[PDB]
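One structure is given here, and the rest of the page talks about it.
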Amino acid sequence: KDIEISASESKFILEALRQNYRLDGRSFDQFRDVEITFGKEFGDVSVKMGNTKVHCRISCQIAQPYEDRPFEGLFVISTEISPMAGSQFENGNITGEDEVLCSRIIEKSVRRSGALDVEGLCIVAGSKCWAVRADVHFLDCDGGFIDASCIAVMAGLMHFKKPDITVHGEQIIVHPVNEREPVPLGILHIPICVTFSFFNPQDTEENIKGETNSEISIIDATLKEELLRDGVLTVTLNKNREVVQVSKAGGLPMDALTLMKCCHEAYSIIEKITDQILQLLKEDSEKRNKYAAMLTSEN
Amino acid sequence: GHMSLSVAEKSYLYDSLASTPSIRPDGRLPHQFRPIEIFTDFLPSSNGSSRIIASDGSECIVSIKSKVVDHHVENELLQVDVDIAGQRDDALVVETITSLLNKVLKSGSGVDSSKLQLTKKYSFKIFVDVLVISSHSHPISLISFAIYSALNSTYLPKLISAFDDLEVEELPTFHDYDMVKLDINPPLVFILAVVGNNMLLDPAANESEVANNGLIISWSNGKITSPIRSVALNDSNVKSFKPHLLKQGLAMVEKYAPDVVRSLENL
Amino acid sequence: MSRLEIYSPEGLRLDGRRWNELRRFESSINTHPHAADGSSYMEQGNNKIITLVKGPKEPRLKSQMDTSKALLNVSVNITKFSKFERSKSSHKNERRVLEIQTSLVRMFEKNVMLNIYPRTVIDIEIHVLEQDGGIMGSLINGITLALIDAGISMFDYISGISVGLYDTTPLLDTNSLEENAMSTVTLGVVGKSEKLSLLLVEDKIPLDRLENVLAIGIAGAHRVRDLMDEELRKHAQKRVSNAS
Amino acid sequence: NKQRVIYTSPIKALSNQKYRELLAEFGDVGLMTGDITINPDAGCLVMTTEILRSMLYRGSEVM
Amino acid sequence: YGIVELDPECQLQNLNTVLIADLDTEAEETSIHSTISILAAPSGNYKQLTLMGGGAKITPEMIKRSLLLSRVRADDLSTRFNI
Amino acid sequence: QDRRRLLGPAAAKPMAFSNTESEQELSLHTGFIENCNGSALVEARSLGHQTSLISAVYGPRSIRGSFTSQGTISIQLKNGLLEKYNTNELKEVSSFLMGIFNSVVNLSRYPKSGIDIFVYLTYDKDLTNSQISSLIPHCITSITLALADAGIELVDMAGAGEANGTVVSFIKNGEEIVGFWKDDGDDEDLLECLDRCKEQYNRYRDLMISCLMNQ
Amino acid sequence: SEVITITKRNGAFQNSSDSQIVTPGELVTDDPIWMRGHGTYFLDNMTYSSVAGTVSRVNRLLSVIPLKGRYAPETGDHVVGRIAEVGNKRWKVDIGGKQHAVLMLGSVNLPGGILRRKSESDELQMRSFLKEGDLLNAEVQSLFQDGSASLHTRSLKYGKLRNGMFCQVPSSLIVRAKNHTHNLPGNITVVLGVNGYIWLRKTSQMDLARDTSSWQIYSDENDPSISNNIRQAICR
Amino acid sequence: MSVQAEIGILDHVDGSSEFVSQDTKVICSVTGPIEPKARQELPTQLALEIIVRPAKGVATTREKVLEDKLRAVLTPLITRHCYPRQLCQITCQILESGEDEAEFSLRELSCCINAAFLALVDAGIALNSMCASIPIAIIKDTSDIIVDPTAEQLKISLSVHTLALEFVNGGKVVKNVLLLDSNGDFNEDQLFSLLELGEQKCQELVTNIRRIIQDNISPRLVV
Amino acid sequence: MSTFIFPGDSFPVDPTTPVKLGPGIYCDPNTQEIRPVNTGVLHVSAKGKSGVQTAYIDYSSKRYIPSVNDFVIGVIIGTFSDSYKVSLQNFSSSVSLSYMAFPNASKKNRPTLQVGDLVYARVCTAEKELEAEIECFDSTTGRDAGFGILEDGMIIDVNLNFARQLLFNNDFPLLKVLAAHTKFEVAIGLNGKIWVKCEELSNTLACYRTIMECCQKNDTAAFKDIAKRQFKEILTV
Amino acid sequence: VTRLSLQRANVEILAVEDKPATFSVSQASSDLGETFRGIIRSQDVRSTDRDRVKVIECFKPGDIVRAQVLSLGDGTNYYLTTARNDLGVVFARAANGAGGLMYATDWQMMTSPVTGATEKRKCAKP
RNA sequence: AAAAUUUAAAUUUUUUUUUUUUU
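As you go down the protein sequences, you meet chains AA, EE, BB, MM, CC, FF, HH, DD, GG and II in turn. Take any residue in the first sequence, note its place counting from 1, add 2, and you have its number in the authors' numbering. The numbers in the authors' numbering rise by one with no breaks, and the one at position 219 of the second sequence is 217. The numbers in the authors' numbering rise by one with no breaks, and the one at position 56 of the third sequence is 56. Take any residue in the fourth sequence, note its place counting from 1, add 190, and you have its number in the authors' numbering. Mapped onto the authors' numbering, the consecutive letters of the fifth sequence carry residue numbers 297 to 310, 326 to 394. Mapped onto the authors' numbering, the consecutive letters of the sixth sequence carry residue numbers 4 to 23, 41 to 149, 163 to 248. Mapped onto the authors' numbering, the consecutive letters of the seventh sequence carry residue numbers 2 to 17, 50 to 245, 276 to 299. The numbers in the authors' numbering rise by one with no breaks, and the one at position 67 of the eighth sequence is 67. The numbers in the authors' numbering rise by one with no breaks, and the one at position 112 of the ninth sequence is 112. Mapped onto the authors' numbering, the consecutive letters of the tenth sequence carry residue numbers 143 to 162, 186 to 291.
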């Protein structure tokens, strides 16, 4: 399972960056357009950026909490790749490296960051809590998965609602779904990750001892773009201007002064897209309630 | 195994060691061991540490961490856990040596768990934690040696309060600076090998390769004891054995054992 | 609420350090001649690492083989006695660890002159003994020894250090107590430059410090590869003066 | 007897005479020249003088 | 159950579509492709039925034949060991 | 948990209960497994303790690894139904198993060929109101019968006898020992530990050869 | 009168001619006139070392010789190979260096000599003459494009070992001379490889022939007549 | 007939199809013929490996059998001699349940076959015939039979049924049965009645389908 | 309103006709019957062709099936001696190409190409079941050195039926409008590969973006303005 | 026959005959990949025209060959030959199982009765 | 004043599920 590209094609794109061109039609520092569409279920969404397609799912159920944090509920994200999304991939390799490179990000992007209040999953302390689940599916790759799965999970959390609960010791009263309403969830902050994609037009030494910074960085590598890149970097931020994570794990060497200059441009990008989610969550729920207005008057 | 040697040697090696005036490839006396180095007390986060150096550059370190436990709800008061570099958990030589030293340090066989006893209700869970960097040998008898020094390099914090928690059920208290050495009589392990009518001591890897069969003999308390296993080294040259040769090696170990011990019983 | 004292208004840390100070830093070369031609030992404070390098040599299988360059294997050994509290289970496929196993590869894809070592294998062995926090940059400094410890072809020194942030104030060379106390960043710094190999942030960081925060660690990192150099050199003098 | 055999010459064109002659004659003949080698593992070998010397220094197993 | 279809070529003297049950014997398990598996409780009951038809057709009658062969093989075993 | 199996809901637990010279005996049978080429069946029952176990042969299987001059043995011990011996407790015995047969099998007759040995510690009673050490010698016997059934070149009907936490394996009608195993016991009881093992070995090998030559 | 060296040291991890000594990442100079060879990389002037080693300035050639590394194979050298593998008509064999040497099928002394000519049935008997791990005398012919080199046995003097014992050393301490087979009082012979591999054996007549049957060149036999006074003199 | 489908909706994959019946959304993907692995080849026929991802949870045993019965159905659909020493990985995604996965698996088994049939048409591999699957239930209390039930009707269903048929000659002749998944309590007598609608209905399904294929692909075809 | 078909339909033509088989139809090796086994539209070869007609189904695919006398574009991936390792499509099986199948065929002369090159070649010999083989130079070239290794250029992937129309069809409007702007080269590969080199990378991107878009939209009449717009998108500058 | 290379041919060992017919089939299960496999190299098919060898014109997958052992080779496989006029192809079905049974027309050729189709196989002398 | 003189670089597959580290 190996992608084969000519070195002639390798120089071609490398030339295009040397004349400030890229094959998609975007700018270097331009991001794709995002299509968000929900299914009928809560925590159901289809997210699409041109060629890359994803789908995720949020659910929850009853379990006991750990001994470790006996206060808090349970939550984890599955991101199992299927070779459906591209023939590179093993059947569910949870031990591949790029998978881990997809994993630990979303592990830190959600779980260690804590966008979601796990303490608001405590139904009863130590007895019964929530087990909230996030199964990420990939559909078709043009890269940006780890940015797409960044979004589509956080999209899904802002669309899921959990049903109604009443406690009497052991008499724990899960109510019928349609009499007593499902209840949405508590998001502390909304993180958005950004892939950065790096291209030395030169050898090693002109990056190493060539003092002249000459390295091109772009956003959202397409599939062919992604196969030649030299370093890998993802930052994540919010609306309140705090930096969630940064991960440059090796690759090409890279100036620090670039990275701050990189990460500022992230901010203006992610903010506009964030609010686009925020209206569409409202507007769909508005469309839910206008169709709820088109239901009770109908019934 | 580790090495791949040539057949023309393998005769000569099986020739020279099966001499009736028996000859080692390094020509030691048949009961000698090889020179080593023994370091401890260097992991100051640990209850005890250990560091031992072989002549062929085989290399291990065994760590000592303790833990206070109820000695009634738990049977095994003393746990061994081993790591060999370069190998899977699933491999054979890992697990057998691992399961061995548990038997060697059963809680009342050569282990004096009364010295481990904290209260009438509580005691000390210990962890024999082993990291072998490298070996070229069936490594086992090396590994006991550092552990012997490791137990001789282990201090434990002092009890303050009383020790009868049946009625009053006190939660036991330790001083924060005052440690006491674990008094203990740890055992020792020796690798043997049988060639023809000769029995070498400390088989080196070449000596370990050519052998017909070999032994492991548990020494404790100034004597022979269990666990004792006949043990294959290779599997291309496995021959059977007269029992008096098995009867020979025991005192052959024993009349040279404490001199090795006293060399290490030396402080 | 912490019942302790993070950083004094009088400028001091837990051992009394200033914000711009290091732990005791000790390396060693040829610690294990009988084991491999790369053998180096690190003490950076109580972070104690045995570092081992095998190669350049034949693979175990012809499948794992290239006709262009070398390969690089990372095997990390975190012991269950590495910490104060003894960890229960083993780590040998823990997804936390595999990340670093990915990480050091891509950090060291680009120092090794890979083309001039084709059809051969480089294996880097890690033994984490005593763990003192600052754990990530502790590794990389041990690596930079071990490649030179056999004298493998390379470009440059590569330095690593975790530097932490208590509210406004940078902390060079934090410990694990301070690591659980605040926000920290580790920097994989290359040579004398201002270019980065590793950059990793887990904790939550306000944006505005970060340029200044990044501007801190370079002077630390330059003093790192400083202290590596002479310490090798005084070893390097010890060879030929008594070889010849 | 399945043996190999060296036919010598000082001139390429001496060999070019003898090669195409023997090539017509027995066929399975290797030619070795600074200009052109043909059929290196043939049974019969025709080559100039120094090539033997050259492949006597570095020990051709051809020999 | 297994249903096969037959070659004219393969005969040795001492369409044509045969039902076999009690299947075993790797050669059978390789080469039978339309198959039937049935659960049944002895009074004519049926817990499940399992058709994979990959070789022959299936008649309505091999169905009924297997059904006829179902209620025998089960009911004997209900009565065989009388537990 | 384990995504590959059905282990129930996690919060369940299994059920709990509380308190409210002798003869050994065999029943040895071969030729009853059609996957294998060597099978052997062993019943054992002795005084509080009844034990049954299965030894399975696959050979000679091909080796995808490389060339060898000769054969190679592979031995598996697996828990059956009730008794659960420890994992690391198992393979130590598997180590002790292979050493003896490497003084048994003509591997030189079998270049580049494998030996697969599956041992199923199927069911054991211990109704008695070093627990693995009491089951060692019966393994060797159970293997030997299955290895005769695959008909592989074996030098001797080698067997082990037991005397009170001690296992000693013989050949040549006991005139040499091929496998030694000792736990705690007495001190210098070895000479009596020669004897009671030997006579059980003298018993057992006769029981074995009856199982085959009379068939 | 002892068994083992047990000397103790507790409480510590460890016990604790002028030329240019340069480091990786370090500038040598930027005189453009110098030539740039081994241990050297650069950017158009900046002469940059890559190892821990010494500056070697040869008359206009600057290059860096390291101090640490594996054995460097060179042609015409007299070393010892341990048989790694068998290929198509090829063999793999350890030098101790970076990679294996290769060894052609007809690169070896045939029993009966050249009168035994070629045969395709010989590849059906590769394992006959040679097998794994075995030790021999080998002659370094020539290389490949990388730096991996090959061997042969163009003499009776080169061939498969017997009659003694192997030992091994670092490759550094072995000094170069015009001769490598050496014969020592005690009727014995060292076969110093260059690469760090050392074979001892009893002096043969062919060894005696150096200073005044042929069908035994793949045997695992020794001289059966080996005294202990031979054998113990080996160990000294 | 509230069914609907999409063809050719992935990019890097040979065959792709979204099948949407009344409540369940399922997409299937087909990649083949491509390079097979070492342990996977057949010297003669075509090797097939099939992956189904659920909507919820991960791949376990409940998934495994729905995979494996679906292995059985495709094997005669494929002209398997045409691709020796080859591999076609086919992968299915459950996106919507439309049925209680804890209690049922019925509709998905009908759905995924109806899904994977169309992505092969996208894939354009040598095939043999035409096919269809429907879910059929029999109510516990009413004792009547519904073709294409719902999950609440499944709760009061007594027995759940999936029929897979092989359709030829304009998809009209039942060439063979592929799968009959009889589950729940049933007798002799219901069963021939149980075929007898699905004898019609799956053809009535394919009668829709024959149109749909050409409508999607003849503009993809050139004139 | 065509000769549309399914696998499993009634085959139209009478059995007693001498008929050369085209692809898409399969004859039974077991029962000698012949059936359409693929999806799409039949196109019957009309009468008069020596009394021998031919059936073929238009089927759609992207995954190319190697077949003989077919011009494809390949990638040098390994130097298996005497005989190249070459691939034609990612994740597919590699192809073997002789070192000697070359227009100056010379066995003492070993050619020069290296791992990662693009070469133009025709499938010479390929069983359905065997390691397939190609040729640059052929006997059916008739000593023509018309195939060969390529220079740098640019290669784009399309689906196969489109690439047929690039080869088989002059009504295919693509080559018209492209020649109507700049002058350049084109190699056509039946493996869905289209290799183009221009005088300019600038126009090559203009060449790139059209062919991605046009083959996507697959509407040959619309390709007039769509092609010309990308020039303006390059002449945006 | 397991797999056909341009280099060579790969089979698995199933049955060994004997001297003065008497046989010994292996009792193994190939579906584990258990059995011993061997390799016929393509130049070792026959000696007549041993250079310009066309491998497909003698073998197809799954077919039965009376072949002679050359030697051991490696541990992985075998060195094997058919290079005689009495050796070679024993039996196969048409189109590799996709059709009926095929009979060796000559020693040098093979047809099938009902079909009217022939194929080139290096058949054994019958 | 002629005459002529030198090379040679390596090919086709063996493995065990994810916790869990001190506000």
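Backbone N, C-alpha and C fix where the C-beta goes; we use that ideal spot for every residue, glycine too.
Taking buried to mean at least 16 other C-beta atoms within 10 Å of its own C-beta, is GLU165/EE buried or exposed? As a working note, residue 165/EE is residue 167 in the second sequence. Answer is exposed; the Cβ neighbour count stays below 16.
Residue closest to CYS195/AA, alpha-carbon to alpha-carbon, out of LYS250/AA, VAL49/AA, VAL246/AA and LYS163/AA: Residue numbering aside, residue 195/AA sits at position 193 when the first sequence is read from its first letter. Comparing Cα positions, the closest option is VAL246/AA.
Please go through the stretch 104 to 134 of chain BB and give each complete alpha helix (DSSP H) segment of 4 or more residues, from N-terminal end onward. Counting only runs of 4 or more, we get nothing.
Separation of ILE152/BB from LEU71/BB, as counted between CA atoms: For the purposes of this step, residue 71/BB is taken as residue 71 along the third sequence, with counting starting at 1. For the purposes of this step, residue 152/BB is taken as residue 152 along the third sequence, with counting starting at 1. Each residue's alpha carbon lies about 13 Å from the other.
I want to see whether chain FF comes within less than 8 Å of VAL58/DD, judged by CB atoms only; does it? In the eighth sequence, counting from the first residue as 1, residue 58/DD sits at position 58. Chain FF, which has a Cβ nearer than 8 Å to the Cβ of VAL58/DD, makes this yes.
Cβ atoms of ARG53/DD and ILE9/DD: under 8 Å apart, would you say? Counted from its first residue, the eighth sequence places residue 9/DD at position 9. Counted from its first residue, the eighth sequence places residue 53/DD at position 53. Not closer than 8 Å, so no.
When you compare the stretch 164 to 181 of chain DD with the stretch 203 to 215 of chain DD, are there three or more beta-carbon pairs, one atom per stretch, that lie closer than 8 Å? yes
Here's the rule: buried if 16 or more other CB atoms are within 10 angstroms of the residue's CB, otherwise exposed. What is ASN196/HH? Position 163 of the seventh sequence, counted from the first residue, corresponds to residue 196/HH. Buried, since its Cβ has 16 or more Cβ neighbours within 10 Å.
I'd like to know whether the C-beta of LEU76/HH is nearer than 8 Å to at least one C-beta of chain AA. For the purposes of this step, residue 76/HH is taken as residue 43 along the seventh sequence, with counting starting at 1. Yes, because at least one Cβ of chain AA sits closer than 8 Å to the Cβ of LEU76/HH.
Closer than 7 Å to a non-hydrogen atom of the ligand MN - does that hold for the CB of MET86/AA? Among the components of this structure there are no ligands whatsoever, and the ligand MN is therefore not found.
Roughly how many angstroms lie between the CA atoms of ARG8/FF and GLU54/FF, to the nearest whole one? Here residue 8/FF is taken as the residue at index 5 of the sixth sequence, counted from 1. Here residue 54/FF is taken as the residue at index 34 of the sixth sequence, counted from 1. Roughly 28 Å separates the two Cα atoms.
Short Cβ contact (8 Å threshold) for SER238/EE with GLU209/FF: For the purposes of this step, residue 238/EE is taken as residue 240 along the second sequence, with counting starting at 1. For the purposes of this step, residue 209/FF is taken as residue 176 along the sixth sequence, with counting starting at 1. Yes. Within cutoff.
Counting only beta-carbon atoms, is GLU82/AA nearer than 8 Å to chain DD? Position 80 of the first sequence, counted from the start, is the residue given in the question as residue 82/AA. Closer than 8 Å to some Cβ of chain DD, the Cβ of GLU82/AA qualifies, so yes.
Rounded distance between the beta-carbons of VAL147/DD and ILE134/DD, thought under 8 Å: The residue you call residue 134/DD lines up with position 134 of the eighth sequence. The residue you call residue 147/DD lines up with position 147 of the eighth sequence. Indeed they touch by this definition, with Cβ atoms about 6 Å apart.
Proximity winner among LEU118/AA, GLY94/AA, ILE271/AA and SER151/AA, relative to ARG6/FF (alpha-carbon distances): Looking up residue 6/FF in the sixth sequence gives position 3. Looking from the CA of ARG6/FF, the closest CA among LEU118/AA, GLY94/AA, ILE271/AA and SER151/AA belongs to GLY94/AA.
Between the stretch 70 to 88 of chain FF and the stretch 199 to 213 of chain FF, do at least 3 Cβ pairs fall closer than 8 Å? Taking 8 Å as the limit for Cβ pairs, the verdict is that the stretch 199 to 213 of chain FF does not touch the stretch 70 to 88 of chain FF.
Proximal residues to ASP157/GG (C-beta, below 7 Å), its chain only, five neighbours per side dropped: Position 157 of the ninth sequence, counting from 1, holds the residue named residue 157/GG. If we look at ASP157/GG and ignore the five residues flanking it on each side, its Cβ neighbours are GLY192 and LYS193.
Look up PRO9/BB in the DSSP assignment and say whether it is helix, strand or coil. For the purposes of this step, residue 9/BB is taken as the residue at position 9 of the third sequence. DSSP places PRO9/BB in coil when its eight states are reduced to three.
Outcome for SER154/HH when other beta-carbon atoms lying within 10 angstroms are tallied against a minimum of 16: Taking the seventh sequence and counting its residues from 1, one reaches residue 154/HH at position 121. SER154/HH should be labelled exposed.
Can the beta-carbon of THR214/HH be found less than 8 Å from the beta-carbon of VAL224/HH? Position 181 of the seventh sequence, counted from the start, is the residue given in the question as residue 214/HH. Position 191 of the seventh sequence, counted from the start, is the residue given in the question as residue 224/HH. A contact, by the Cβ cut-off of 8 Å.
Within 10 Å of its beta-carbon, does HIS70/EE have 16 or more other beta-carbons around it, so buried, or fewer, so exposed? Within the second sequence, numbered from 1, the residue matching residue 70/EE stands at position 72. Exposed, by the Cβ-count rule.
Below 8 Å, can you find three or more Cβ-Cβ pairs linking the stretch 225 to 236 of chain GG to the stretch 27 to 44 of chain DD? no
Per-residue contacts from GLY212/AA into chain HH (C-beta, under 7 Å): The residue labelled residue 212/AA in the question sits at position 210 within the first sequence. What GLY212/AA touches in chain HH: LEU76.
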